[PDB]
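**Q** My questions all concern the structure below.
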Amino acid sequence: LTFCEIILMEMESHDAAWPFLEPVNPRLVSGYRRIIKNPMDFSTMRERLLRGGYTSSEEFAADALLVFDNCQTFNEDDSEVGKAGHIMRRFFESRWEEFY
Ligand SMILES: CC(=O)c1cccc(Oc2ncccn2)c1
């Protein structure tokens, strides 16, 4: 769980992290509520991590991947949020696998 802190810290402070720092506001984003069944973001993962809610590295990575799955589900690959999400998804997968 120490690497979960390191990678979440580094994801939070990443340049392309801006679309995933706080939860998507469905009032502002038209169609998000309907399309994304299980929304997830870095503050929600932060909140759960500081509360000790993650039992293992697998549960953490599950929510991490859910962010980028939702991103790709809702956003086009060439959109501004999508382009950012690919940078974060690749960053996460890369860092995650050099420690595991
Ligand atoms: C993540 C995602 O799919 C999305 C979708 C639309 C807008 C958007 O912007 C935004 N959300 C939250 C915080 C800052 N920015 C993000």
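Using the deposited numbering, read the sequence shown as starting at 1799 and increasing by one per residue.
Quick reminder that beta carbons are idealized off the backbone N, C-alpha and C, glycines included.
In its own chain, which residues sit with a C-beta less than 8 Å from the C-beta of residue 1834, not counting the 5 before and 5 after it?
**A** So the qualifying residues of the chain are 1822, 1868, 1871 and 1872.
**Q** Buried or exposed: residue 1839, going by 16 or more other Cβ atoms within 10 Å of its Cβ?
**A** So residue 1839 counts as buried.
**Q** Between residue 1861 and residue 1843, how many whole angstroms is the CB-CB distance? I'm expecting something under 8 Å.
**A** That belief holds up - the Cβ atoms of residue 1861 and residue 1843 are roughly 5 Å apart, short of 8 Å.
**Q** May I have the straight-line CA-CA distance separating residue 1892 from residue 1803, to the nearest angstrom?
**A** The alpha-carbon atoms of residue 1892 and residue 1803 are separated by roughly 16 Å.
**Q** Is the beta carbon of residue 1805 closer than 8 Å to that of residue 1890?
**A** Yes, the pair counts as a contact, with Cβ atoms nearer than the cut-off.
**Q** Going by CA-CA distance only, name the one from 1879, 1894, 1897 and 1895 that's closest to residue 1814.
**A** For residue 1814, the nearest C-alpha among the options comes from 1879.
**Q** Provide the residue span of the alpha helix (DSSP H) that contains residue 1867, from first to last.
**A** Where residue 1867 is concerned, the enclosing alpha helix (DSSP H) stretches over 1855-1872.
**Q** Do you know how far the Cα of residue 1876 is from the Cα of residue 1820?
**A** Distance between the alpha carbons of residue 1820 and residue 1876 is about 22 Å.
**Q** Given a threshold of 16 other Cβ atoms within 10 Å of its Cβ, counted over all protein chains shown, does residue 1883 qualify as buried or as exposed?
**A** Residue 1883 is buried by the Cβ-count criterion.
**Q** Which class does residue 1812 belong to by DSSP, given the choice of helix, strand or coil?
**A** Looking at residue 1812 - three-state DSSP - the assignment turns out to be coil, as it is neither helix nor strand.
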